[PDB]
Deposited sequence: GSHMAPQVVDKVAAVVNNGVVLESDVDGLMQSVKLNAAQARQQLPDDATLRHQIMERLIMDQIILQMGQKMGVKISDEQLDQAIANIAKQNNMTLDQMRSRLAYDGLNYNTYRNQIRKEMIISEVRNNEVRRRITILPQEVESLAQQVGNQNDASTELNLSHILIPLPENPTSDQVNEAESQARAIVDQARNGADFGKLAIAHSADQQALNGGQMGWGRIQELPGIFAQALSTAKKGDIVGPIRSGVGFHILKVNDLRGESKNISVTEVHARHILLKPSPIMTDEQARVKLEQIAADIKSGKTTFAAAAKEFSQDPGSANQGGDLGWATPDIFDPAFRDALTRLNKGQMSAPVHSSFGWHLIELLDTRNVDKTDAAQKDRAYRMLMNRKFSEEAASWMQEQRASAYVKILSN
């Protein structure tokens, strides 16, 4: 019988997703899950999120092509430092990629080009969207006083239940019910990582929604007021910020009384303000692009 080699899985603005991309990220996420010990759900729920990530990636790649952004070979050389984890394992060749694709070179190099181009255009657009006000910087700096108040550092897992920019009340209550159900499951004992892989519109869904270690002030504010009162492992109910309902889990926390001795505090405060602004504008702009873009999943 004839064997299907490749096919179009999704149609986007003048682009197509091939089945050799869904499978690649499927194997990537399965391998990461196996190394991370975190069990992952059934073929279809994992497939929907991978397809969504690929639609968003294709949209961003076509925007980069339209806008005349290209990547240098030295950028690939630098990405070899972290993308291939050469610093952790001392070997240059593609024999480290033992899992799948037969240790091929071109495939992983193109994958890295895909990530660098997405990151570059994402950064450029989000940076061009940021507005900084001197008053806010002064306020945040004066907040950064009294022995570096709120020096709490957090590693958190996040889940986003999306809503369109102009949603209907029907959609509002649907999203509300979904978010409350996820929150109830998380609070009742369900593993948040498994919930995050199954139920999430964020880019980090495929990674389980982990945001990594950060500082509370870096939060867009929508999370910090609720988050100041929470212990390790707690589940925070649904919130809003324009892009949909938000759910947060406190994976880990670590605090210390270190104080940096303003001359050097203003620059740091500007850094954290830029971090929060980038995180919020990135989420808003990625949601806007998803709503605007043309797409027709294929089956």
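Colleague: No C-alpha coordinates anywhere in a stretch? Then put that deposited-sequence range on the list, in order along the chain.
Modeller: Unmodelled stretches: 1-4, 266-373, 412.
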